[PDB]
Structure formats: structure tokens, C-alpha cells
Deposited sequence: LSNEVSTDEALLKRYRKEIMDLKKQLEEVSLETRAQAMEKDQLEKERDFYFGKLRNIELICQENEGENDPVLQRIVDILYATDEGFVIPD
């Protein structure tokens, strides 16, 4: 329990300022989340853009230099690998 004895007007003024600051923060974080979501969608489109080529390259090597192109498709690259 604080030993400060504030007036009711001063505490109301403090609460209005905290509410104002919290609303400003909430809208800023919400707008940043929207911008980060759009950059996340762009990264996903680029990922699917790249994978669409690897998938078609695998189909070309399947029906038949061409050999080690397959090894790259299923190679472990820095902790990640495409399973069978």
C-alpha cells in the first residue's frame, strides 16, 4: 500500500493518460502485426514459387548431369531435407 494520498482529480488524470498511452500502443502493435503478416504472405508465395520449380524438375528427371540433379533435390541442406 502506497503512503501517497492523491486527490481524486489527479488519479483520474493519471488514469486517462495511461488509457491514452495503452490505446496508442495497441493500435501501433496491431498495425505492425498487419505489416508483418503481409511480409509473411510474400515469403510464403516465394517459397511456393521456388518449390513449384523443384517439383517440376523432379518430374522431368523422373521420366528419364540429370542424375545428380536428383541428389540435390533430396540432399540435406543445413538441417533440412525433403523426405521420400
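Stretches of the deposited sequence absent from the structure, as judged by C-alpha coordinates, reduce to one: 65-70.
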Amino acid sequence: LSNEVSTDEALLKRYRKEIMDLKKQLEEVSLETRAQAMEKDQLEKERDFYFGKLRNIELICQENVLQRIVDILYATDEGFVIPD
From here on, numbers count along this sequence of modelled residues.
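Higher average CA B factor: 53-61, of the stretches 53-61 and 39-47. The stretch 70-78 shows the higher mean C-alpha B-factor when 70-78 is compared against 13-21 in the entry.
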